[PDB]
Amino acid sequence: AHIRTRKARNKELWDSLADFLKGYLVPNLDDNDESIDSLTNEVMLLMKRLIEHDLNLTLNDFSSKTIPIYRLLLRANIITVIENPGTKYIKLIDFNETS
Amino acid sequence: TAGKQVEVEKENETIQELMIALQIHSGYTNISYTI
Amino acid sequence: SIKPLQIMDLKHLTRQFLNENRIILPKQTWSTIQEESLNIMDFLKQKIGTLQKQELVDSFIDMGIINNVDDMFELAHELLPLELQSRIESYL
Amino acid sequence: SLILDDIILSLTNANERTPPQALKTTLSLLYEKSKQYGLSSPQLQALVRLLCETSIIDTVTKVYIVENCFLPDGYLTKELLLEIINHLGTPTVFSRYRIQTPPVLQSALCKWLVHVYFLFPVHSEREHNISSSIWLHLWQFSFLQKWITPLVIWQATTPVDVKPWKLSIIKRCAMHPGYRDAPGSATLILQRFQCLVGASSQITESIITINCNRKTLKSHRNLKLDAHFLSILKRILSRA
Amino acid sequence: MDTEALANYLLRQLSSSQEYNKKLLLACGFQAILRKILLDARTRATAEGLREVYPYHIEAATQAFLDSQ
Numbered sequence: 136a137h138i139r140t141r142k143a144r145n146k147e148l149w150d151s152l153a154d155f156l157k158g159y160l161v162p163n164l165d166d167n168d169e170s171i172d173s174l175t176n177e178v179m180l181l182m183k184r185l186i187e188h189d190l191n192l193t194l195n196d197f198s199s200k201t202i203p204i205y206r207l208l209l210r211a212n213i214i215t216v217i218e222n223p224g225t226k227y228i229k230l231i232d233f234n235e236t237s
Numbered sequence: 147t148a149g150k151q152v153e154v155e156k157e158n159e160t161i162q163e164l165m166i167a168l169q170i171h172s173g174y175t176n177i178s179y180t181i
Numbered sequence: 269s270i271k272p273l274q275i276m277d278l279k280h281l282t283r284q285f286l287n288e289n290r291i292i293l294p295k296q297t298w299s300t301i302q303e304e305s306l307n308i309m310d311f312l313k314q315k316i317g318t319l320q321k322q323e324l325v326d327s328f329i330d331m332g333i334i335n336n337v338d339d340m341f342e343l344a345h346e347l348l349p350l351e352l353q354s355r356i357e358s359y360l
Numbered sequence: 002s003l004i005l006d007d008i009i010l011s012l013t014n015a016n017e018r019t020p021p022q023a024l025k026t027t028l029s030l031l032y033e034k035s036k037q038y039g040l041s042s043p044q045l046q047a048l049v050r051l052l053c054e055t056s057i058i059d060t061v062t063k064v065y066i067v068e069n070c071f072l073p074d075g076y077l078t079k080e081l082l083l084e085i086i087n088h089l090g091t092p093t094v095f096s097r098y099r100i101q102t103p104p105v106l107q108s109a110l111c112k113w114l115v116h117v118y119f120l121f122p123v124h125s126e127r128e129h130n131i132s133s134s135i136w137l138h139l140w141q142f143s144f145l146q147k148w149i150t151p152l153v154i155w156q157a158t159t160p161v162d163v164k165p166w167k168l169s170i171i172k173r174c175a176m177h178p179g180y181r182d183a184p185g186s187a188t189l190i191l192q193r194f195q196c197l198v199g200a201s202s203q204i205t206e207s208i209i210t211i212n213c214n215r216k217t218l219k220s221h222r223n224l225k226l227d228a229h230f231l232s233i234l235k236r237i238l239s240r241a
Numbered sequence: 001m002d003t004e005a006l007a008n009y010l011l012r013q014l015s036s037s038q039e040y041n042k043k044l045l046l047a048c049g050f051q052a053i054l055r056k057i058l059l060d061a062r063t064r065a066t067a068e069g070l071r072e073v074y075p076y077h078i079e080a081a082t083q084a085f086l087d088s089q
């Protein structure tokens, strides 16, 4: 009976994150000459890529339009960047682990 | 599975911790407590 | 005049870098790095005493330190404290 | 009392162009009645934000107002820490249009939060998780570390608070050149995690990787706390 | 000593906002060279199969630097 309040909370985080991207983070990028929804989707995709721990996410997945995002994650110290190719993969640190 | 409710609880946790870090390090000035 | 730079200061500017690799310096090597810390500082003190905006990091690519300015930020991230990182970011 | 609002509401209207001796009157009037009636938490919210956004007060006199008139008449509001929090940090590429507040004023705000820690309000546990990670993130600002580390420590109560990802954040920052004091402040936080969760191999070996002289750690464990400020504060809290 | 500390150290033996930042850039340049040199040194100390960087490796690598670069 305790499950549909957390799935309730789960959408109210997704759209909170979304509303914050569309609302603040992506407008303060102001690239693509004015493509706020053409870019929000770029960025929204990237965050669900990060949140779902897509291992295929690499540095090249950042347009030169979205590369500040990458730099922002880097500054906050909340991603790990590791290279056999000379390419570099990006995953979120683990917030759930307890050991 | 009642163990995949323990998975939305874990992505519930990362979105939360993710926003805090975006907000702080992007100079956001409306940091609060969202439900 | 304090031209020879402190050993303990070196052992701090780099102790993460050493641990993060294989590097095991005895105290004897530590002195050696000190006297070399001079001729390495000696080098670039005549390299370009001209302080330029644009070629500052262009000078640095020429030295074989980096390839572009993205690499310089990856250096800022690992050598500067948080708030200077946000600064330098806008400088580039 | 109600007087401390024409005071505060006036400073709000001050700017460039105000007769500077008119100003010094209102400030002394603030210094005076704040020590007497103490400050009502909503007033305290309005005060701290003008202190962080206006240009028309010397910064070292701002510090003075925090050191000599930030005297709450009870428990702190949560909307007050948010107001402080929303004014801490560095100007970033997404936030260059932002009014940013002198770092010295920032750290002094934090030092002040240390003095009134016992007046923090009760957090729901979800709220406590959030607050615990904000201060850890903020802890990384090199010029807030001295006074943040007590807050990140004192909030460490249950072993739920201490998790691996908080550890590297700490360990990264201790080992990180371009920070001077961070190894001291970091071991401290760690020892409090040790002192809290018990064994945990990760923590104990991190502390080893950070060698501190055992005497910076004794200069870091003891804080001077300005007895004159808590004096006046006890008096205020006694009265009503 | 931290990196900003190292910045003013460097410039005092030689010599406004945009010029502050370059001072920092410069301090990262010193540590960047310096660690290139220690990494060069480690490899030729591991070439010879050794546990530990010995001093000659250091002056090898340091001149191996100033020659090529």
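Residue numbers (the entry's author numbering), protein chains in the order written: chain K, 136 to 218, 222 to 237; chain H, 147 to 181; chain T, 269 to 360; chain I, 2 to 241; chain W, 1 to 15, 36 to 89. Even for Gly, the Cβ is constructed at its ideal location relative to N, Cα and C.
Cβ separation of residue i and residue j, assumed to be a contact under 8 Å, to the nearest whole Å
i: T:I270; j: W:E72; result: 29 Å between Cβ atoms; not a contact.
i: I:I204; j: I:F194; result: 5 Å
i: I:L5; j: I:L40; result: 7 Å
i: I:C174; j: I:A157; result: Actually they do not touch by this definition, with Cβ atoms about 16 Å apart.
i: T:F328; j: W:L86; result: Actually they do not touch by this definition, with Cβ atoms about 15 Å apart.
i: I:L106; j: I:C53; result: 7 Å
i: W:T3; j: I:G179; result: 3 Å
i: I:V163; j: I:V198; result: 5 Å
i: I:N87; j: H:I177; result: 5 Å
i: K:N195; j: K:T215; result: Not really, about 16 Å apart at Cβ, beyond 8 Å.
Rounded separation between residue i and residue j - CA only
i: K:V178; j: K:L185; result: 10 Å
i: W:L6; j: T:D330; result: 23 Å
i: I:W113; j: I:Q46; result: 14 Å
i: I:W148; j: K:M182; result: 33 Å
i: residue 256 of chain I; j: T:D277; result: Any property of residue 256 of chain I remains undetermined from this structure, which presents chain I solely from 2 to 241.
i: W:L46; j: T:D339; result: 14 Å
i: T:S358; j: T:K295; result: 40 Å
i: H:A148; j: K:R144; result: 17 Å
i: T:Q302; j: T:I308; result: 10 Å
i: residue 369 of chain T; j: W:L44; result: What the structure shows of chain T is the stretch from 269 to 360, and residue 369 of chain T is not part of that stretch, so it cannot be assessed.
i: residue 284 of chain I; j: I:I9; result: For residue 284 of chain I there is no data in the structure shown, the boundaries of chain I being 2 and 241.
i: I:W166; j: I:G185; result: 19 Å
i: K:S198; j: I:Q22; result: 56 Å
i: K:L160; j: H:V154; result: 25 Å
i: H:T175; j: I:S202; result: 38 Å
i: I:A228; j: K:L180; result: 54 Å
i: I:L110; j: I:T55; result: 15 Å
i: W:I57; j: W:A81; result: 5 Å
Coarse secondary structure for residue i, derived from DSSP in three states
i: I:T217; result: helix
i: I:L3; result: coil
i: H:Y179; result: coil
i: K:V216; result: strand
i: I:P20; result: coil
i: I:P104; result: helix
i: I:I66; result: helix
i: K:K229; result: strand
i: I:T150; result: helix
i: I:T210; result: helix
i: I:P122; result: coil
Closer than 8 Å to chain K by CB, residue i
i: T:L350; result: yes
i: I:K164; result: yes
i: I:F71; result: no
i: T:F328; result: no
i: H:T147; result: no
i: I:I171; result: no
Near the ligand NAD: residue i beta-carbon under 7 Å from a heavy atom
i: K:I213; result: Ligands displayed in this structure: none; no statement on the ligand NAD is therefore possible.
Proximity test, Cβ basis, 8 Å: residue i and chain I
i: K:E235; result: yes
i: W:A5; result: yes
i: K:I231; result: yes
Chain T within 8 Å of residue i, Cβ atoms only
i: K:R206; result: yes
i: W:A80; result: no
i: K:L190; result: no
i: W:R55; result: yes
i: I:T217; result: no
Chain W within 8 Å of residue i, Cβ atoms only
i: T:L319; result: yes
Residue-level contact to chain H via CB, residue i, 8 Å cutoff
i: K:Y227; result: no
Practice task
Give, in chain order, every residue of the stretch 178–203 of chain I whose Cβ lies closer than 7 Å to some Cβ of chain W.
Solution key: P178, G179, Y180 and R181
Practice task
Closer than 8 Å, Cβ to Cβ, to anything on chain I: give me those residues from the stretch 164–177 of chain H, in chain order.
Solution key: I166, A167, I170, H171, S172, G173, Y174, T175, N176 and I177
Handout entry: Under 9 Å (Cβ pairs) to chain I, residues found in the stretch 275–300 of chain T
Key = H280, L281, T282, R283, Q284, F285, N287 and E288
Problem - Residues within the stretch 85–98 of chain I neighbouring chain K, beta-carbon criterion of under 7 Å - result: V94 and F95
Handout entry: Residues within the stretch 144–165 of chain K neighbouring chain H, beta-carbon criterion of under 8 Å
Key = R144, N145, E147, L148, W149, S151, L152, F155, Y159, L160 and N163
Exercise for the section: Using a Cβ-Cβ cut-off of less than 8 Å, give me the residues of the stretch 129–153 of chain I that come near chain T, in sequence order. Expected result: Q141, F142, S143 and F144
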